[PDB]
């Protein structure tokens, strides 16, 4: 019970992976895999042909992925018997034309043919596909649209058709009807026309003709799409006068962005004449130097938007003059990637319905007092990627509804107890990737409802005691990628409800044996996940009482440390532990020590990963207490021998991974070789490929002369 080229997924035997195995012969590779296989992933190999009965013994397949291969030839019959298949992925291969290879795929719901070199599809290729809802042909070499229509027009269930990034220049002009179709995309083609007369799409809600070339499109006819809800003309040069509001009375969303800033502002008179007559229009995406502040004022008259996106309007440098006041309907406003350096109380005085605002990636160094104060209903505010070194507390006065504040990748140099008084309802605060060096006491005291706090990728060295007081409801705390080293007595004081604590990639290191006067996690009584991966010089000597107080912990990650020494009984408090990972120390005895009886109390452990540690041997009876152990991985070590002793008492074992080791083809492994092939309870990854250590190779553990013992 282990295959050659493929492995089962550890947490579902019905999923099979054969990824990056240089597979060239499809049939051989899958010949030894179970008949009960529902998901098979063969991504990233060198498969070239799909023969007439490729999946004979695999008729239970539901999901087949052949992404990133060299498939250029799929024989008729290839997918016969695959009547339960709902997904077929053929992305990134060498397919130039599509033939009648699809018989049997009577349940296929989605077919992905993106990223090939297709020019034509045979008229009858898709006939067996009576359930096909989604078809992707993006990234191909198609210029003949008539031929595609021939191939898809009779599909009974086809809802979404994607032709993005092809070479279609003209639409088709013989009368036809695709009645199931809801989504259609011509993005990134070279359309000269948008005349849909001869094409009836009664149920189309979403059309894209975005990014379609240099030549201006004048020939536009959309009457035949009466249900159309979103029209995407982003980066498409279209004479907007030839658009007709009469043909767009169901439109809810429009995208009129330029391709590049060079193209310049749109004529608001033209735009408003169109937009002003679309009574259902509520979303306008209006990007890339399409307008200035004054044009926003005009737009506000022509329209009644819920969502306006003004991103990448380079001529927006300040907004201080009632620009949005004729738009009180606004719920969501995006002003990201402009050139804004000043914004105040006068621009959005009347936006009392605004709940989401994106100001990220501008030139804000600061904001004046009461700038955001009219927005009494704001729930999401993003200021990410502004050159802000300091928070002007008064700019956020009265934002009592705010639930999420994103300040990631700003330049914030300091915060304190006065920084967040105005956000009593905040739930998520992202301070990641700033420049914060110390955390002062009470900095987050007002944030009574905070659920998630991100402080990662700062330069934190010093955490004052009571830094996190008031965070009674905090569930998640991310402190990854800082320079933290030791823990103060009352560091984690107010955090009794904390579920997740992430401290990986700091400098939490002990250079000698210690018994801490104050175990750092002692107050975290609800903690379920602890990350201590990759301390710069490894955690090294783990203090003997390091994990005291952590009886609720379920997952401990100590992987990627240069060294981890657990000499004593450090895991004794961890009675509810479910998953433990100590992988990647990379040179056994020097980098890893585990006391012989370290795992004794881990009677609920389900997962144990000790991979890439270059282990040379196993400690006797180390794992014998692990009753509930289901997944045991020793992948990428230097183990030479495994036997009944190592595996003693693992009653619940069902995945045991000893791939990437040095198992010797001698009698020492005779019990293992027979048991590993024969057990039906335990899966063993790539077992049938494990090579003999003999320098001559050309021989497998699996074929070991049993007779010699």
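Residue numbers count along the first chain shown, from 1.
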*Given the B-factors recorded for C-alpha atoms, which segment has the greater mean, 682-690 or 696-704?*
696-704
*Mean C-alpha B-factor higher for 105-113, or for 407-415?*
105-113
*Name the residue from 507, 475, 337, 192 with the greatest C-alpha temperature factor listed in the entry.*
192
*Which has the highest CA B-factor per the PDB entry: 459, 454, 78, 163?*
78
*For residue 39, return the chain-relative third of its C-alpha B-factor as stated in the PDB record: lowest, middle or highest.*
lowest
*Within this chain, which third does the Cα B-factor at residue 318 fall in: lowest, middle or highest?*
middle
_Based on the deposited C-alpha B factors for this chain, I'd like to know if residue 489 is in the lowest, middle or highest third._
highest
_For the chain shown, is the CA B-factor of residue 21 in the lowest, middle or highest third of its modelled residues?_
middle
*Pull the Cα B-factor of residue 372 out of the PDB entry and bin it into the chain's lowest, middle or highest third.*
middle
